[PDB]
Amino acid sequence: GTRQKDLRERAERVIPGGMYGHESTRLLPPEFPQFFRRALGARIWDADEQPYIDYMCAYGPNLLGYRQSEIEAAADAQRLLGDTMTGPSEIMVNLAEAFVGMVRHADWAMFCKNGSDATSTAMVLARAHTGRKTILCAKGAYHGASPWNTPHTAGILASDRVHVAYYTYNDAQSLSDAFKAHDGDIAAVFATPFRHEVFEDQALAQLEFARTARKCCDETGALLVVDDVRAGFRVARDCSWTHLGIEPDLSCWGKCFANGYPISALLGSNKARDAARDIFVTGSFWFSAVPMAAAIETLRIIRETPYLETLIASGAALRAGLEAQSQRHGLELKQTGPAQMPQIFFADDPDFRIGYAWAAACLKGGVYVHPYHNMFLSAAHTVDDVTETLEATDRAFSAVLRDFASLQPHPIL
């Protein structure tokens, strides 16, 4: 990787550590490229023009395929009109109508940039609404990288999160107890719609857990907040708890509802409308029309096409394939969570040395898979993509067995 190497030398001079945040390759095998040149459909190309079938989907945003022609057409049409203007475009009204119409629990929407903006807004809203302090979150749940919730706490004060308290995800007793430990002071419960965290097996939400969240919120006046930034529109065409029959008061959305254009949302029921008006949240870029035009067209496609069934079928095929290959090579997998947003670990691999080696070996076959973070399917992944993926993964299992003696854990990890 001549170009990659040049880019990494230069990057370290002018970017702290060469790169930062969730897309940094600091904790990945060294074979993983940091910098890319182009993307299309379900593929990315690194700086040295090596293609990869992309199972990160840009860490969520690529729902329908990179440079999907209908969304790029809608964005083009709005770009001729205006983007970041002295006021929002009229199409802000159309977007809020569309999004509110699709989400059964919601009567209103607010638009922002980052998913962290929507979760932070939900936190402040809930405190305004209830006049209480305590925000309940699941231990280890990722809701953004603000001082109140960032998972690494360099430069974070105890005071930044003194009124955040924790429960065990999928543990109805734990959540009940959390309500009583801060009796009378719960502003909100935040829940992701399933367990989707790094270095950990995924798990679907348990019905009893979700019901208890809704019932405790009901009995106390606390707001139920579903954080759908990650799973939104890959579980359902509505809030990801729709199939449990549990409606939140607020839901947070982002990543993929404009297929890569930067826009996030807070959706809320009429119960929370007054508090939403009382709080002050804004940003320079929150009223920009082009991301809103992309979102309108993405949401239309979500409503009008079998995008969801398509990307689930691709996910299921990959999962079945990997199960068969794992048995054949005698290397047991743990494929957890929904097949369309899979976590694919090795059984009995506590320092991840097997998973790391397998993921790196998949790069050589032109497949990008991730050894510690959940993956994603797009509606642009084809049957041929899955077939070619499985040829790469087959070779990767062989390469891991061939080298098995010499496998090492990642130093930094």
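Residue indices: 1-based, along the sequence shown.
- Averaged over CA atoms, B-factors in the entry run higher in 397-405 than in the other of 397-405 and 21-29.
- If you average the C-alpha B-factors over 150-158 and over 107-115, the higher value belongs to 150-158.
- Set against one another, the Cα B-factors of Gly232, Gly283, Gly221, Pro88 in the record reach their highest point at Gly221.
- Considering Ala39, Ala379, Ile53, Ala347 together, the PDB entry gives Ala347 the largest C-alpha B factor.
- In the deposited entry, the Cα temperature factor of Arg353 sits in the top third of values across the chain's modelled residues.
- When the modelled residues of the chain are ordered by C-alpha B-factor, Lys364 sits in the highest third.
- Placement of the Cα temperature factor of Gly315 within the chain: lowest third of the modelled residues, per the deposited record.
- For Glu197, the recorded CA temperature factor ranks within the middle third of the chain's modelled residues.
- When all modelled residues of the chain are sorted by CA temperature factor, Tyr261 is found within the lowest third.
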